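Engineer: Dropping a structure here in structure tokens format, bear with me for questions.
Numbers and lists here come from the model and the stated rules, or from a named source; no laboratory read-out is quoted. Neighbour counts run over all protein chains shown; Cβ positions are idealised from the backbone, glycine included.
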Amino acid sequence: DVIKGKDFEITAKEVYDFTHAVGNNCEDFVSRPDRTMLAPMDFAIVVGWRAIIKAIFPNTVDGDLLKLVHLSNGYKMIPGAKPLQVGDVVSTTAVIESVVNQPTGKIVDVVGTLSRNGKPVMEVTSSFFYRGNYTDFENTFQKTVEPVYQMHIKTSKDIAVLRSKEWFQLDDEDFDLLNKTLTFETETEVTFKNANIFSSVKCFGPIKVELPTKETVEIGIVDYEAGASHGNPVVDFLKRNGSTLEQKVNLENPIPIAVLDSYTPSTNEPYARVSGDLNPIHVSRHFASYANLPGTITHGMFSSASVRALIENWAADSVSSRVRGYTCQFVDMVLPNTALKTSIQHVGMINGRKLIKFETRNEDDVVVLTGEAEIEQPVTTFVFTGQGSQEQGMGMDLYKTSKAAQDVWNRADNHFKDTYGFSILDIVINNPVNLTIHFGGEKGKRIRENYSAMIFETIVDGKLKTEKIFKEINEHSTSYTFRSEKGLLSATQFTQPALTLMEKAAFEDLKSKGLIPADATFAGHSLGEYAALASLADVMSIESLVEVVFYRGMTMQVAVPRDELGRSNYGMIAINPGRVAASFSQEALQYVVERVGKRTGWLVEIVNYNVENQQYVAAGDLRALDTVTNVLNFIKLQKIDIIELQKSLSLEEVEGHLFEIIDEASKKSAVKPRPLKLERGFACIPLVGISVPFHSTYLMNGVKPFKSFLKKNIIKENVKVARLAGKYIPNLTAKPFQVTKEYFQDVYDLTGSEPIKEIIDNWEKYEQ
Amino acid sequence: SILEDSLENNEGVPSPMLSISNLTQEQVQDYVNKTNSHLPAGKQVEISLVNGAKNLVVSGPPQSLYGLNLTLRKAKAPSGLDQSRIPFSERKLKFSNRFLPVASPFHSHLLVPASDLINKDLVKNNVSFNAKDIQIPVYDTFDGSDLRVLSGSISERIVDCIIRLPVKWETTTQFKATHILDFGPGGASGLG
Amino acid sequence: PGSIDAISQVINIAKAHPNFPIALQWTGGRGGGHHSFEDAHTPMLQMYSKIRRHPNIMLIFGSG
Amino acid sequence: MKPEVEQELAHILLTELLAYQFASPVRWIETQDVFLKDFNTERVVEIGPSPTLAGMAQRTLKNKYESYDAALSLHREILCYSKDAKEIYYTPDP
């Protein structure tokens, strides 16, 4: 039966007493002006002690309490739960998990669950030992949480064998197990009746299938039950016929953190008073002596909180918040006034937390304590790179070493081969000058239709001007050919997949080594925002990604009128307001570009706002770019402080003042040949390559064909809100994703979209 | 982490009282005003001792004093820079700064709370100082004045003079004399 | 002397023979001909006390 | 708000942001300021071929966070997957 504890308000002073009892001088627990006092995760034991200890008392668990022994105790914080505070009221619930008779004695495993305001806050684990010879078997039982077993249903007999077992029980028997991956999250509940023979064996858990998103969905149940068993058949099966997913991942080499000197208290009364452990063994010599102990043993719990403090200080840099898991094995006993070198290393990772192992030895060099702790990484933010820096062979090394990498690339490379007839791995591995697709046999023709259905839609005044992206591919084409004098790896339709892929692969290796923090925030730069969304939120399959990203590139290549030699009427310029003048601000570059915009009736807009007062990028009409680049050159050699002329003169005054400067430079570029060649400036650099004015208002007509393409590839069911909310920084908005009336409006304001406008307008769709 | 860094940068072991040498009182107060800009009331640092000309002592929480320490670390210059071939005016500030040996933030807002409590305690024991009884001038730490010419409690003054108010050491050593005798702690490292 | 270290050198030549007159002609950076990157007041303001504990040093300000 | 409802909404918001990102400009300066100052990131990690967005966030720190960082005693660490493998994977030399 569950043991209910008592409600417990954490007084400011109960904390003072406890911290000082175990010797934890962390500032998070000391009353400071303009901060609420925090309570040590150690304090959980003070709250739950009575609920927990009660568990070893019943008559069915007959033990000699004077020979009782503490084996271990740990605290686990349930994710999302903030630490204990001075204000909090805490309900405690102690369930006794496993009570088993062993050769040497009786073992009782207890579990506490400290809840606060309805929600559970942290779990406390204690296991105690009554030494002796027990036959109590009728009052013995064991629950264990089996590891997750992964199983790769590859063949047809595989699926047959699984259907053969009566415990394999899925919802729709018609489910196509062929070629899926199953996981088995199992709990096995056992009751003993004899020395080795089980009385009963239950084994239950959900069966799940991997999605393309790599999410896992419930498919059915494991449901086993047996009396007079001898072993667990289900687990044995899964052991031999599967692999065991362990969530811990070692580092390459343990990394030493520190070796610290500790000391046990002069008397034990101080700890006993704060903790409620009035066990005479620790305080009264005649009881200690009656139980045949070396003396008045120090509270094993003290050493727990004492050592923990060391881990807290040196491993978490005294950020109480960071330690979310700690556990402790009481190897041997310690007398008061013993010295304790305890050492701490960084051993591995788990789910973004640092796995930390420690070992405490005494003066006689005997191990007394050993446990581990999980500690949060520093606030992490991931930024995903956009185009421009792609190199041949990029991230191909990682393809050779990491399994995560191979799966990402290979899934993609396959999709590309089978639907467009090229290998993205090849393009990346050896930058090919040219590349022809061949629309060969029945599969050749399948491929070419996927080329033939490439559409670029263009909503122009209500009208939808759609064109084939691949003009030439038709029912009589035998092949198409992509071209590039340099190498196709630097042609965006391939560049984008290559980048997205390299990144998504690299991130999934990091994820596999358990290195990704849970609450990490992420953002991507133009292209990288798809890689970012894919990597952290699994918003789309690996194939859906390379697809979207590949079309995004074909789309860009076609949205601009082109020459015979396929030349562009547009381009991008990378500006540095710093180089023009130390005076030349951001409002100054904005102002200047907006005037040369309105004046010449051409097209210039600021496209990239990258680094304040340092890195900007403008796109648009090549002629307008040649004006701004020259207008700028002038203002520099002229030393024109526009912040100063704005004070001394009027709006219309300085307006006209540069309207004149503009008009003398604008004449010069209009009179230049067909596709003007942008040249360098004092603060202007031409972005060689770019030909589309993207991230301007220019691409406003090519939105709604892509807005359908995206909707056909980013399914509702793969958008898990919490993965994005507060962590995802878009590019349109520069503010963290929130699904609020507030946010929705800002988007409309920056874009004007029907789907949005209705939603803002009738937000009270609240109730289902 | 802080202790680590503060150590490999030849500064002290972070404490509640930092001492900055070869900076104007104005200069020092400038950097502190900057540092304090970014902190909440309860974490702010102030000048505690104006021990002398370009010798000062800032005081507050150790961590926020460490922050001041960083903002300073960039403004200074390597001691053996040899700016002997640089024209005087054009040279860079060379100056010393180190944490002092003390467990508490004396002469700071951190202690104001204990002011009234100490006095209430001083009364509950025999202690008080009547100006009648003091036989020779006892120069006020802030005023430079005599403590005898005092409307209120002399006890209460020297309490608030140690706990909350700065020490304008040169102005409190206004007097003229042939000889000063140092009975205070620390041989030649001491106040004398 | 023209440097703070240079002055300190002279002070040492001074202890050398305490009974011998040494004219420490402290020049500045604002003098004629040969030069110095040194200020005319700082060095003197800074060395004065030590210069003055040697009776054989005849302190002479020059330059400007 | 109902969970399924939140999804449905949050979904279309996400797709909107991505569609129109095409036209609107890239507010990276504002973005960097969100995670640099609002979040106070100590480990900003760049996942890309070379360290471009990194030196971007580095300049930004010198240009604006000069003082903020100092006072608030926050050590920031800027890492590129490209060049800073050791520091990301926690695998050093001796």
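Engineer: Need at least 2 residues that are away from chain D (no Cβ under 14 Å) and surrounded by fewer than 18 Cβ atoms within 10 Å (Cβ to Cβ) per element, so show me which helices (runs of 4 or more DSSP H) inside the range A:363-455 make the cut, counting only ones lying wholly within it.
Structural biologist: On the way: elements: A:396-401, A:403-420, A:424-429, A:442-452.
Per the criteria, A:403-420, A:424-429, A:442-452.
Engineer: Here is a further query. Hey, D:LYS83 hits all of (1) in contact with a strand residue (DSSP E or B) (Cβ under 9 Å, 6 or more places away or on another chain); (2) over 27 Å from B:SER6 (Cα atoms); (3) more than 7 Å from chain A (Cβ to nearest Cβ); (4) not in a helix (DSSP H, G or I) but one; which does it fall short on?
Structural biologist: Only one criterion in (1) in contact with a strand residue (DSSP E or B) (Cβ under 9 Å, 6 or more places away or on another chain); (2) over 27 Å from B:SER6 (Cα atoms); (3) more than 7 Å from chain A (Cβ to nearest Cβ); (4) not in a helix (DSSP H, G or I) is unmet by D:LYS83, namely (1).
Engineer: Still on this structure, please answer the following. Which one is farthest from the other protein chains (Cβ to nearest Cβ) among residues in the range A:476-522 that are in contact with a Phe, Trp or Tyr (Cβ under 8 Å, 6 or more places away or on another chain) and of a type in the set (S, T, N, Q)?
Structural biologist: Per the stated criteria, the residue is A:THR478.
Engineer: Just to confirm my filter: which helices (runs of 4 or more DSSP H) fall fully inside the range A:714-768 and include at least 3 residues that are more than 8 Å from chain D (Cβ to nearest Cβ), free of Cβ contacts under 8 Å to residues at least 60 places away in the same chain and surrounded by fewer than 16 Cβ atoms within 10 Å (Cβ to Cβ)?
Structural biologist: On the way: elements: A:721-724, A:741-751, A:754-761.
Filter on the range A:714-768 gives A:741-751, A:754-761.
Engineer: Using the structure shown, decide if B:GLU170 is acidic (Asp, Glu) and within 24 Å of B:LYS132 (Cα to Cα).
Structural biologist: On the way: acidic (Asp, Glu): yes; within 24 Å of B:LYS132 (Cα to Cα): no.
So B:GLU170 fails the test.
Engineer: Moving on. Taking the range B:45-68 only, how many residues are more than 12 Å from B:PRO105 (Cα to Cα) and among the charged types (D, E, K, R)?
Structural biologist: 1
Engineer: Which one is surrounded by the fewest Cβ atoms within 10 Å (Cβ to Cβ), of the residues in the range A:163-189 that are under 29 Å from A:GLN142 (Cα atoms) and of a type in the set (S, T, N, Q)?
Structural biologist: The qualifying residue surrounded by the fewest Cβ atoms within 10 Å (Cβ to Cβ) is A:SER164.
Engineer: Limited to the range A:271-322, what total is found for residues that are in a loop (DSSP other than H, G, I, E, B), touching a residue at least 24 places away in the same chain (Cβ under 8 Å) and of a type in the set (S, T, N, Q)?
Structural biologist: Kept after step one, since they are in a loop (DSSP other than H, G, I, E, B), are these residues of the range A:271-322: A:276-279, A:283-284, A:291-299, A:316-319.
The next check asks that each one be touching a residue at least 24 places away in the same chain (Cβ under 8 Å); those that pass are A:276-277, A:291, A:293-299, A:316, A:318-319.
Next, from what is left, pick out any that are of a type in the set (S, T, N, Q): A:296, A:298, A:318.
Final tally of qualifying residues: 3.
Engineer: Please go through the range B:32-60 and pick out each residue that is within 14 Å of chain A (Cβ to nearest Cβ) and in contact with a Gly (Cβ under 8 Å, 6 or more places away or on another chain). Explain how you work it out, then say what you get.
Structural biologist: Pass one, the range B:32-60, residues within 14 Å of chain A (Cβ to nearest Cβ): B:39-44, B:60.
Passing the criteria: B:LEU39, B:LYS43, B:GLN44.
Engineer: Among the numbered criteria (1) out of contact with any helix residue (DSSP H, G or I) (no Cβ under 8 Å at 6 or more places or on another chain); (2) in the same structural domain as A:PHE384 (by CATH); (3) basic (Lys, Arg), which single criterion is violated by A:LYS504?
Structural biologist: For A:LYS504, the failing item is (1).
Engineer: Let me spell it out: the conditions are (1) surrounded by fewer than 17 Cβ atoms within 10 Å (Cβ to Cβ); (2) among the aliphatic types (A, V, I, L, M); (3) within 14 Å of chain D (Cβ to nearest Cβ); (4) within 30 Å of A:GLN586 (Cα to Cα), and A:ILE690 meets all of them except one. Which number is the exception?
Structural biologist: (1)
Engineer: Take the range A:693-713 and flag every residue that is more than 7 Å from every other protein chain (Cβ to nearest Cβ) and either outside any loop (DSSP other than H, G, I, E, B) or closer than 17 Å to A:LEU545 by Cβ (or both).
Structural biologist: A:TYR698, A:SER708, A:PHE709, A:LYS712, A:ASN713
Engineer: Scan the range A:33-56 for residues that are touching a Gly at 6+ places or on another chain (Cβ under 9 Å), surrounded by 14 or more Cβ atoms within 10 Å (Cβ to Cβ) and assigned to a loop (DSSP other than H, G, I, E, B) and report the count.
Structural biologist: Residues that pass the stated criteria total 1.
Engineer: Can you tell me which residue in the range B:97-131 is farthest from C:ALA40 (Cα to Cα), limited to those that are of a type in the set (A, V, I, L, M) and either part of a helix (DSSP H, G or I) or in contact with a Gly (Cβ under 8 Å, 6 or more places away or on another chain) (or both)? Spell out how you get there, then give the answer.
Structural biologist: If we filter the range B:97-131 for residues that are of a type in the set (A, V, I, L, M), which is where we start, we get B:100, B:102-103, B:110-112, B:114, B:117-118, B:122-123, B:127, B:131.
Checking the rest, the ones that are also either part of a helix (DSSP H, G or I) or in contact with a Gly (Cβ under 8 Å, 6 or more places away or on another chain) (or both) come to B:100, B:110, B:112, B:114, B:117-118, B:122-123.
On the way: B:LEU100: 35, B:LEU110: 45, B:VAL112: 47, B:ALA114: 51, B:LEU117: 55, B:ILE118: 53, B:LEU122: 56, B:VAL123: 59 Å.
Checked the range B:97-131; the qualifying residue farthest from C:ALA40 (Cα to Cα) is B:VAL123.
Engineer: Going through the range A:716-764 one residue at a time, which ones are of a type in the set (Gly, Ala, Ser) and under 26 Å from A:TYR609 (Cα atoms)?
Structural biologist: Our first condition is that a residue be of a type in the set (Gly, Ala, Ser); within the range A:716-764, this holds for A:722, A:725-726, A:734, A:752-753.
Passing the criteria: A:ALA725, A:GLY726, A:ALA734, A:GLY752, A:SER753.
Engineer: Answer yes if at least one residue in the range A:730-737 is polar (S, T, N, Q) and either assigned by CATH to the domain that holds A:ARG623 or under 27 Å from A:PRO577 (Cβ atoms) (or both), and no otherwise. Working first, answer last.
Structural biologist: Filtering the range A:730-737 for residues polar (S, T, N, Q) gives A:731, A:733.
Now restrict to residues that are either assigned by CATH to the domain that holds A:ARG623 or under 27 Å from A:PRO577 (Cβ atoms) (or both): A:731, A:733.
Yes, because at least one residue in the range A:730-737 is polar (S, T, N, Q) and either assigned by CATH to the domain that holds A:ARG623 or under 27 Å from A:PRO577 (Cβ atoms) (or both).
Engineer: Let me ask you something else. Just for the range A:493-520: of the residues that are β-branched (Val, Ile, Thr) and surrounded by fewer than 24 Cβ atoms within 10 Å (Cβ to Cβ), which one is farthest from the chain's Cα centre (by Cα)?
Structural biologist: First pass over the range A:493-520, keeping only residues β-branched (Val, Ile, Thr): A:495, A:500, A:516.
Of the ones still in play, those that are also surrounded by fewer than 24 Cβ atoms within 10 Å (Cβ to Cβ) are A:495, A:516.
Working: A:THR495: 25, A:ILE516: 5 Å.
Step by step, filter the range A:493-520, then rank; the result is A:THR495.
Engineer: I need the helices (runs of 4 or more DSSP H) fully contained in the range A:547-652, keeping only those with at least 2 residues that are in contact (Cβ under 8 Å) with a residue 60 or more places away in the chain and either surrounded by fewer than 18 Cβ atoms within 10 Å (Cβ to Cβ) or more than 14 Å from chain D (Cβ to nearest Cβ) (or both). If you could, list the steps in order and put the result at the bottom.
Structural biologist: Working: elements: A:577-580, A:586-600, A:622-637, A:642-648.
Where helices (runs of 4 or more DSSP H) fall fully within the range A:547-652 and carry at least 2 residues being in contact (Cβ under 8 Å) with a residue 60 or more places away in the chain and either surrounded by fewer than 18 Cβ atoms within 10 Å (Cβ to Cβ) or more than 14 Å from chain D (Cβ to nearest Cβ) (or both), they are A:577-580, A:586-600, A:642-648.
Engineer: Please work out if B:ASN130 is surrounded by 14 or more Cβ atoms within 10 Å (Cβ to Cβ), touching a residue at least 24 places away in the same chain (Cβ under 8 Å) and either more than 16 Å from the chain's Cα centre (by Cα) or farther than 30 Å from B:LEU3 by Cα (or both).
Structural biologist: Values: surrounded by 14 or more Cβ atoms within 10 Å (Cβ to Cβ): no; touching a residue at least 24 places away in the same chain (Cβ under 8 Å): yes; either more than 16 Å from the chain's Cα centre (by Cα) or farther than 30 Å from B:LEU3 by Cα (or both): yes.
Spelling it out, it is not the case that B:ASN130 is surrounded by 14 or more Cβ atoms within 10 Å (Cβ to Cβ), touching a residue at least 24 places away in the same chain (Cβ under 8 Å) and either more than 16 Å from the chain's Cα centre (by Cα) or farther than 30 Å from B:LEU3 by Cα (or both).
Engineer: Output the number of the condition that A:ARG240 fails; it satisfies all remaining conditions of (1) touching a residue at least 60 places away in the same chain (Cβ under 8 Å); (2) in the same structural domain as A:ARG163 (by CATH); (3) among the basic types (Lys, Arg).
Structural biologist: Only one criterion is unmet by A:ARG240, namely (1).
Engineer: Could you tell me how many of the residues in the range B:80-96 are within 14 Å of another protein chain (Cβ to nearest Cβ), closer than 20 Å to B:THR24 by Cα and either in contact with a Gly (Cβ under 9 Å, 6 or more places away or on another chain) or part of a loop (DSSP other than H, G, I, E, B) (or both)? Reasoning before the result, please.
Structural biologist: Within the range B:80-96, the first condition is being within 14 Å of another protein chain (Cβ to nearest Cβ), and the residues that meet it are B:80-94.
Of the ones still in play, those that are also closer than 20 Å to B:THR24 by Cα are B:88-94.
Filter once more, keeping what is either in contact with a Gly (Cβ under 9 Å, 6 or more places away or on another chain) or part of a loop (DSSP other than H, G, I, E, B) (or both): B:88, B:91-94.
Within the range B:80-96, residues that are within 14 Å of another protein chain (Cβ to nearest Cβ), closer than 20 Å to B:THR24 by Cα and either in contact with a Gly (Cβ under 9 Å, 6 or more places away or on another chain) or part of a loop (DSSP other than H, G, I, E, B) (or both) number 5.
Engineer: Could you count how many residues in the range D:48-72 are more than 10 Å from chain A (Cβ to nearest Cβ) and either of a type in the set (A, V, I, L, M) or buried (at least 20 other Cβ atoms within 10 Å of the Cβ) (or both)?
Structural biologist: Matching residues across the range D:48-72 total 5.
Engineer: While we're on this one: Is it true that A:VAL99 is within 21 Å of A:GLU123 (Cβ to Cβ), surrounded by 19 or more Cβ atoms within 10 Å (Cβ to Cβ) and of a type in the set (A, V, I, L, M)? So that I can check it myself, show each step before the final result.
Structural biologist: Numbers: within 21 Å of A:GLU123 (Cβ to Cβ): yes; surrounded by 19 or more Cβ atoms within 10 Å (Cβ to Cβ): yes; of a type in the set (A, V, I, L, M): yes.
It is true that A:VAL99 is within 21 Å of A:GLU123 (Cβ to Cβ), surrounded by 19 or more Cβ atoms within 10 Å (Cβ to Cβ) and of a type in the set (A, V, I, L, M).
Engineer: Also, I was wondering about something else. If you go through the range D:28-46 one residue at a time, do you hit one that is over 25 Å from D:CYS80 (Cα atoms) and either within 7 Å of chain A (Cβ to nearest Cβ) or more than 10 Å from the chain's Cα centre (by Cα) (or both)? Outline the logic, then answer.
Structural biologist: Filtering the range D:28-46 down to residues over 25 Å from D:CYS80 (Cα atoms) leaves none.
Checked against the condition, which is being over 25 Å from D:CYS80 (Cα atoms) and either within 7 Å of chain A (Cβ to nearest Cβ) or more than 10 Å from the chain's Cα centre (by Cα) (or both), the range D:28-46 yields no hits at all.
Engineer: Sticking with this one: Which residues, counting only those in the range A:1-19, are assigned to a helix (DSSP H, G or I) and either in contact (Cβ under 8 Å) with a residue 40 or more places away in the chain or not assigned by CATH to the domain that holds A:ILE96 (or both)?
Structural biologist: Narrowing the range A:1-19 to residues assigned to a helix (DSSP H, G or I): A:12-19.
Of everything in the range A:1-19, those that are assigned to a helix (DSSP H, G or I) and either in contact (Cβ under 8 Å) with a residue 40 or more places away in the chain or not assigned by CATH to the domain that holds A:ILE96 (or both) turn out to be A:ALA12, A:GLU14, A:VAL15, A:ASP17, A:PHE18.
Yes/no per residue for (1) outside any loop (DSSP other than H, G, I, E, B); (2) within 14 Å of another protein chain (Cβ to nearest Cβ):
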| position | (1), (2) |
| --- | --- |
| C:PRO1 | no, yes |
| C:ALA6 | yes, yes |
| C:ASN12 | yes, no |
| C:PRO18 | no, no |
| C:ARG30 | no, yes |
| C:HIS34 | no, no |
| C:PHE37 | no, yes |
| C:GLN46 | yes, yes |
| C:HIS54 | no, no |
